Number of protein chains: 4
Amino acid sequence: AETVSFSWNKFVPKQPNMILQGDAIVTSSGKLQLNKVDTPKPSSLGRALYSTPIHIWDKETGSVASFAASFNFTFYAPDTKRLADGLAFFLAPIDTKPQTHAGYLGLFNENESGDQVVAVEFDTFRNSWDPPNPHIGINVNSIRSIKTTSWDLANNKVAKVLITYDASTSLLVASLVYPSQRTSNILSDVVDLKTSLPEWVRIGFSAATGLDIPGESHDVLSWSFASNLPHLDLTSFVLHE
Amino acid sequence: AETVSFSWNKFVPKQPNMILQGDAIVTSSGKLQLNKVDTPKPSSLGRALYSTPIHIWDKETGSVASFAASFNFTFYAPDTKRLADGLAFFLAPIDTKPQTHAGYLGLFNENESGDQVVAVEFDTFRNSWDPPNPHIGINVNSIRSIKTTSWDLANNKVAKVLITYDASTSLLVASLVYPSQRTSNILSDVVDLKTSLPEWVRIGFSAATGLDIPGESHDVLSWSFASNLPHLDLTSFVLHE
Amino acid sequence: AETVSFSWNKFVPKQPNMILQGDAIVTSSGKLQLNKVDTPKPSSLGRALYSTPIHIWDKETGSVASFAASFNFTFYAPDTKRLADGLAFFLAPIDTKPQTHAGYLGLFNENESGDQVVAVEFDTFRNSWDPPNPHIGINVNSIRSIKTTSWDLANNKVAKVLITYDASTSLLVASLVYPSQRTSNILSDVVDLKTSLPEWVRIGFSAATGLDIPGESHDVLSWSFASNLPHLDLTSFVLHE
Amino acid sequence: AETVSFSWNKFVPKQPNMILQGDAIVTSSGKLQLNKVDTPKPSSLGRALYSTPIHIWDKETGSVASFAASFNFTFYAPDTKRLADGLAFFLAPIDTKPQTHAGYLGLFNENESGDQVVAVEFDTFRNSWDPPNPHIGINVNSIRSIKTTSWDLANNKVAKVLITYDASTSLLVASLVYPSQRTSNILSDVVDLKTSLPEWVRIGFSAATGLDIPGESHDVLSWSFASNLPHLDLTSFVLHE
Ligand SMILES: CC(=O)N[C@H]1[C@H](O[C@@H]2[C@@H](O[C@@H]3O[C@H](CO)[C@@H](O[C@@H]4O[C@H](CO)[C@H](O)[C@H](O)[C@H]4O)[C@H](O)[C@H]3NC(C)=O)[C@@H](O)[C@@H](CO)O[C@H]2O)O[C@H](CO)[C@@H](O[C@@H]2O[C@H](CO)[C@H](O)[C@H](O)[C@H]2O)[C@@H]1O
Ligand SMILES: CC(=O)N[C@H]1[C@H](O[C@@H]2[C@@H](O[C@@H]3O[C@H](CO)[C@@H](O[C@@H]4O[C@H](CO)[C@H](O)[C@H](O)[C@H]4O)[C@H](O)[C@H]3NC(C)=O)[C@@H](O)[C@@H](CO)O[C@H]2O)O[C@H](CO)[C@@H](O[C@@H]2O[C@H](CO)[C@H](O)[C@H](O)[C@H]2O)[C@@H]1O
Ligand SMILES: CC(=O)N[C@H]1[C@H](O[C@@H]2[C@@H](O[C@@H]3O[C@H](CO)[C@@H](O[C@@H]4O[C@H](CO)[C@H](O)[C@H](O)[C@H]4O)[C@H](O)[C@H]3NC(C)=O)[C@@H](O)[C@@H](CO)O[C@H]2O)O[C@H](CO)[C@@H](O[C@@H]2O[C@H](CO)[C@H](O)[C@H](O)[C@H]2O)[C@@H]1O
Ligand SMILES: CC(=O)N[C@H]1[C@H](O[C@@H]2[C@@H](O[C@@H]3O[C@H](CO)[C@@H](O[C@@H]4O[C@H](CO)[C@H](O)[C@H](O)[C@H]4O)[C@H](O)[C@H]3NC(C)=O)[C@@H](O)[C@@H](CO)O[C@H]2O)O[C@H](CO)[C@@H](O[C@@H]2O[C@H](CO)[C@H](O)[C@H](O)[C@H]2O)[C@@H]1O
Ligand SMILES: *[C@@H]1O[C@H](CO)[C@@H](O[C@@H]2O[C@H](CO)[C@@H](O)[C@H](O)[C@H]2NC(C)=O)[C@H](O)[C@H]1NC(C)=O
Ligand SMILES: *[C@@H]1O[C@H](CO)[C@@H](O[C@@H]2O[C@H](CO)[C@@H](O)[C@H](O)[C@H]2NC(C)=O)[C@H](O)[C@H]1NC(C)=O
Ligand SMILES: *[C@@H]1O[C@H](CO)[C@@H](O[C@@H]2O[C@H](CO)[C@@H](O)[C@H](O)[C@H]2NC(C)=O)[C@H](O)[C@H]1NC(C)=O
Ligand SMILES: *[C@@H]1O[C@H](CO)[C@@H](O[C@@H]2O[C@H](CO)[C@@H](O)[C@H](O)[C@H]2NC(C)=O)[C@H](O)[C@H]1NC(C)=O
Ligand SMILES: [Ca+2]
Ligand SMILES: [Ca+2]
Ligand SMILES: [Ca+2]
Ligand SMILES: [Ca+2]
Ligand SMILES: [Mn+2]
Ligand SMILES: [Mn+2]
Ligand SMILES: [Mn+2]
Ligand SMILES: [Mn+2]
């Protein structure tokens, strides 16, 4: 089997194994700051991508990879009543570039069909296509999630996320936990990677502040990822990676 | 650090690394059948325990272990309207023996304070101390869960469970997923192992059928476990173990 | 190609080409009354099925049928503030029988995985798994719709519905129109019949009144259906059938 | 009853049953290209008309026809931010000729009252009389739609449209679906053909590129039509025609 994995308890400035786009920068304090601040600046868009391409599925053997990703993130909203727009974990073509900001989370464009992009969003603003209240959603080539669930978020608190994909069942699972609040949310749905993503892809984060309002800033504090493409043990990744 | 882990996609009869109690037996088909059947027989109680003792916390260093466990289980109810009693994953003293059946899931006794037993239950019957509807609960030395959440169960379908404990935050998280139903449930709460469990313990399963009604049978199909006691990477355990 | 179709501007009592289940009866006025009245009686469940089995897909050739169905229905709610539960158009195994009432619309059962049943619902009551406000949803083997959209309903007014399935794109489309209100709603999503339904099935309607409240009654006034299983022209069905 | 209908999965060059006006031509690939390209050329106007006149309503009997039309179309915009002007399906007097281009979609003229022309537009540019954002509208003798609704369009994707008219209710319904996006839009309103169209008319398409900008090109890929003038079954037309 073909496998890859990595784990960081923090980020380091100028680290050559990461690609930054938009307003994203890593602070000296080891934080991946996706949006500009001075309080969030409106219309800010930043994305970060793990430099090395991941082999998601193979056209020959036809086998698809299973993977797991976890990270700690937080947002700061100067006004918890006017939140916007959100954060997303995504997989996309190797040459992926930033797209439309605000409600499109920098992954899609209005009037166009999305590229081969798959993502798990943490949406804070209700756009026309959205359900009411902040939510977690699974996006498959569209900003219009195929499924969502309410997200009990907390301003300034660290959220711990775990995203897992089981190739055997094609099931994608996303769970979010707030240790300090002992609160938790989970979502799951089947996704077919063979028809929604190219064989090789890059993974990363994308976040956007309000279009005309500060909304909230987004910071990723740590990141862990493991993938196994067959010719798995998640308990070892949640306790290991 | 001190570490231990194991992973099985199935069970084998007479396997010397497991301790069976009650009516529990492993079929030739590789299934850990916890309750007697002929349809579930009432008042049946079976438990299985991983033979090797786990070092959960150390009195000297004072450090506590982090761990992860996953398994696939299912129940069969000849009548989905009269379910009883449930299944539980637990940690207990090395010399742990079966206790009261039915509503006590074989872990506790009426009129007595529970031993140093910590468990995650999948409760199908509403006893006096229970909330309404099947649920997932975190039990700490008591059959009366410190916290619970509704469990959208499905008869005869395989449920995939992931239980994780983070020593740094003392947070215990339990999630259950039904691939075929794309349905999911999650629960979390802080638990202090130092004051609710001895340094060394054994882990296993316990299930009970109705006291005077068949209720449902319980079968565990696979099992995976990893523990790390410091002087972790879960992504590697969900994809590895 | 294998084809079948039928069209009725009204129902006739004792018509031998229809199967009635539950409280469903056809009035002398030519109406298919699915629920008992005296104002709707609580806990009423009725279903009607076209007697002849439809060949939906073929295991050999692997081809799947395209079909179209239209009908006029209405509900009467003595109190438009307490509506429950809804109406559904469905396809199911030939020997399909009524299931759980109320929120389950007589198609599914609590604690069990749905049979091979596909349906388009017109939901008036918000159950735990439902989104807010009356809606139209596409159910695939589950009472939990894979997709929904708000339904601007009107008490006592006749709604004209058109459901179409295109085998070439696997897309299921449902549209509802209120001539008198010049109001309209539409929904669409892909559904794979090969994996959610048996080769042969029966089609019909199912409606349920509130569990403990009258809710509203449901009457189907006309019905039209056409199917084409390849080794289509919908314009001819909306103007013909 | 008097009836007529036709159905094409593609167009053939020089086909004698169609009338082309403006820049409209049919490619060798079977596409009805309404606008000149080289990317769309600004100020381009093309129209196509089914050669045979349709009997819409009869002055004697006073009866009005019911009809259904469907087609697949697409537009290509080199810049999805500067779209213009749109496409329309229309009914007009037998001797109908092209009118003003750009925002008038070649159907109307500035400073003049429209002839007896009825149309369903797919408007991409906001003119003074328009609502904001691309939309679908019902035009009755005027470029100023009597009703509209937002149109979630996608560049380069094939849209499947279904327009139906019910003489019994005088209701005109237009629905548009994007299979690849599982997205859908619908609109409806009453229209009185007797007072807005002559007894006999010709039907066709009309599209216009931006006045001073390329905007987008418009191609119709297939076309189906059925009409019934009484002294209907649409399910047969969506699955048949
Ligand atoms: C952003 C923008 O261009 N606004 C112009 C505004 O546009 C009207 C529409 O309103 C805007 O719609 C946006 C949806 O795309 C919405 O963005 C959302 O923002 C939230 C954060 O609040 C969040 O990020 C979300 O994800 C975003 O989608 C905007 O909030 C919203 N703007 C407002 C003020 O509500 C919409 O109403 C539409 C419906 O018909 O009409 C559009 O016109 O239009 C105004 C004027 O009408 C325009 O303001 C003018 O700008 C000029 C310069 O461009 C001059 O400065 C002029 O003085 C000023 O009035 C906005 O620029
Ligand atoms: C189990 C038992 O001993 N029942 C005797 C019964 O006891 C009365 C109490 O009823 C029982 O309460 C149990 C709670 O501990 C309950 O168990 C639950 O069972 C469900 C499955 O259904 C599930 O597993 C759950 O987790 C369990 O807790 C029993 O279901 C319930 N039994 C019934 C029939 O409801 C309770 O009502 C209490 C309140 O005051 O009174 C107790 O007396 O009492 C009956 C007689 O009253 C006794 O039956 C007699 O048994 C004799 C032999 O022992 C003779 O056979 C006699 O003919 C017969 O009537 C039950 O044995
Ligand atoms: C229906 C029923 O059995 N109700 C008993 C009630 O149950 C509690 C639960 O409440 C009920 O939950 C139903 C969900 O399955 C809900 O049904 C929905 O009804 C609406 C129409 O309103 C719609 O159709 C929808 O689709 C349905 O799902 C009921 O409306 C709801 N009932 C009420 C009154 O709100 C729920 O609250 C649950 C949470 O813990 O607890 C259940 O216990 O429980 C009461 C007593 O608690 C019971 O009433 C008793 O019945 C006895 C006979 O069985 C005696 O008559 C006794 O005097 C009486 O109090 C209901 O029968
Ligand atoms: C098209 C035209 O004749 N433009 C002359 C321009 O006219 C002024 C008006 O502006 C134009 O208004 C059009 C509305 O009918 C608008 O058309 C829309 O185009 C979009 C695509 O972008 C879409 O198709 C939509 O459906 C159409 O309706 C034009 O876009 C718009 N043109 C511009 C540049 O914005 C309008 O502003 C009006 C308000 O008072 O004033 C009119 O004058 O006027 C300019 C000069 O003012 C003229 O340009 C001159 O042309 C001369 C030759 O005729 C010479 O070349 C000279 O050098 C040049 O400046 C435009 O021809
Ligand atoms: C989520 O990850 C972040 C990043 O490692 C953790 O925050 C760091 O925790 C250490 C504790 O050893 C502190 O010294 C650092 O200052 C923290 N970094 C930042 C940027 O705050 C955090 O503990 C993790 N949270 C959870 C719940 O696991
Ligand atoms: C949960 O674990 C069980 C046990 O391994 C899995 O069931 C086995 O799946 C294999 C597929 O390779 C079958 O050949 C065996 O017959 C199954 N065993 C039994 C006892 O049924 C199951 O696939 C796992 N489920 C999920 C969702 O991962
Ligand atoms: C929907 O179908 C019903 C059933 O045919 C139509 O209602 C009948 O309309 C005729 C008109 O010729 C009346 O004479 C009957 O009394 C009606 N039947 C009933 C039970 O009311 C109705 O017109 C159709 N509605 C639409 C919008 O097409
Ligand atoms: C809409 O109609 C067009 C025209 O027939 C369809 O496109 C053709 O589809 C066939 C598939 O058998 C291809 O071989 C042709 O190359 C296509 N023609 C063109 C010009 O592209 C299209 O499939 C239809 N779309 C939907 C959703 O029904
Ligand atoms: Ca949003
Ligand atoms: Ca219990
Ligand atoms: Ca409901
Ligand atoms: Ca316009
Ligand atoms: Mn969203
Ligand atoms: Mn319990
Ligand atoms: Mn519903
Ligand atoms: Mn317009």
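Throughout, protein chains are lettered first and strands after them, A, B, ... in sequence-line order, and every chain is numbered starting at 1.
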Chemist: Can you pull out the residues in residues 175-184 of chain D with any heavy atom less than 4.5 Å from chain C?
Modeler: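 Listed by number, the contacting residues are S175(D), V177(D), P179(D), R182(D), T183(D), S184(D).
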Chemist: To the nearest 0.5 angstrom, please state how far the CG atom of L221(D) sits from the CG atom of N9(D).
Modeler: 10.5 Å
Chemist: Select one option (side chain, backbone, both, neither) describing which atoms of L171(C) are under 4.5 Å from chain D's heavy atoms.
Modeler: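 Just its side chain gets close to chain D.
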Chemist: Is it the side chain or the backbone of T169(C) that comes within 4.5 Å of chain D heavy atoms, both, or neither?
Modeler: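 The answer is the side chain of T169(C).
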Chemist: Do side-chain atoms of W57(C) reach the backbone of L197(C) as a donor and acceptor pair under 3.5 angstrom?
Modeler: yes
Chemist: Between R47(D) and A24(D), is there a donor-acceptor pair closer than 3.5 Å when you use the side chain of the first and the backbone of the second?
Modeler: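 Here the side-chain-to-backbone pair does not exist.
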Chemist: Taking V118(C)'s backbone N and O only, do any of them form a donor-acceptor pair with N139(C)'s side chain (distance below 3.5 Å, no angle check)?
Modeler: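 No; judged by distance alone, with no hydrogens or angles, the pair does not exist.
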Chemist: Taking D115(D) for its side chain and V117(D) for its backbone only, find out whether a donor-acceptor pair lies under 3.5 Å.
Modeler: no
Chemist: Does any backbone or side-chain atom of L187(C) lie under 4.5 Å from a heavy atom of chain D? Answer side chain, backbone, both or neither.
Modeler: backbone
Chemist: Identify which of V173(C), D189(C), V190(C) forms the greatest number of heavy-atom pairs closer than 4.5 Å to chain D.
Modeler: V190(C)
Chemist: Quick check, are the ring centers of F225(C) and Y50(C) under 6.0 angstrom apart?
Modeler: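 No.
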Chemist: If a pair satisfies salt bridge (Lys or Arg N to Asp or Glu O under 4.0 Å) and one of its residues is in residues 132-151 of chain C, list it, with sequence neighbours excluded.
Modeler: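 Residue pairs with at least one partner in residues 132-151 of chain C: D152(B)-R144(C).
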Chemist: I'd like to know if the side chain of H135(D) and the backbone of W151(D) have a donor-acceptor N/O pair within less than 3.5 Å.
Modeler: no
